[PDB]
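Take a look at this one chain, the form deposited in one PDB entry, written out in structure tokens.
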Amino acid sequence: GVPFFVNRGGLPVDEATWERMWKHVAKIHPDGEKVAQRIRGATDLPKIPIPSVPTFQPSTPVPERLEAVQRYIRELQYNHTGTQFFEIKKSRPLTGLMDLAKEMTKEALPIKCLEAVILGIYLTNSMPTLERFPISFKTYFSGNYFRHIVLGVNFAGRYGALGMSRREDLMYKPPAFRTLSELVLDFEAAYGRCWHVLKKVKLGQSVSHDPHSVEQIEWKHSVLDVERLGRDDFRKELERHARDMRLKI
């Protein structure tokens, strides 16, 4: 899709990556140089509260906990700076990704969709009756392809999603959809309303609730070519994926 830079050296951001971030800002913002000159070195900038990591009473129903998890994710803000602040190697053992999610909560910087998936896993490992599985969507608009990922969830046989997007309709879904197909079709319709064609859906397996697991997340357990499949086989493949997940414990 559209390229972006990634901070690959931890925090604080190293000098070269920091300059690269501002050079990118000066390129794409019509007032890019003036923006840097106002912000860089300024001593009167707002203090940003560090968002409080939500903790849950055992009497609180899981869907209410998920609302709080999503509110926390949103509080960090979608990262529009052009530089991703945490590097996510998707094939890392879960325990390493959970260490990274912990650092996201300590450092409290803006994030994009994949970081939010990792954070959503970290913040729901305390909910063993909730199953979590990544859902990636590839869409098409005006000659370019777009990649998006959310954390699908299943509570008591109902499907929803957590995550981060620059669009309000492409992240949070309360766990109320009767079937996985209905959840994915809702995302497809949301994409269509903002004129994106849904091309591929990639669904992962259920993710362990053990933050010290050495297992990898299995991102691409089902890879569905929406137009090639057509409507009926699309639904059947999503039903099959939902069954596959019910058996991974």
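Under this definition, the rigid core comprises the largest set of C-alpha atoms superposing within 1.5 Å between the forms. Shifts are known only where both forms have a C-alpha. All residue numbers are counted from 1 along the displayed sequence.
The same protein also has a form deposited in another entry, omitted here; what follows describes it.
Using a rigid core superposition, assess whether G10 undergoes a CA shift of 2 Å or more between this form and the one not shown. Yes.
With a change of at least 3 Å, which way does the C-alpha separation between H80 and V6 go in the other form: closer or farther? Compared with the shown chain, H80-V6 is farther in the other form.
Shorter or longer C-alpha distance for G9 and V53 in the other form, given it differs from this form by 3 Å or more? It is closer: in the other form, the C-alpha atoms of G9 and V53 lie at least 3 Å nearer than they do here.
Spell out which consecutive segments of 3+ residues have Cα shifts of at least 2 angstroms at every position between this form and the one not shown, with the rigid core used for superposition. Moving stretch: 1-17 alone.
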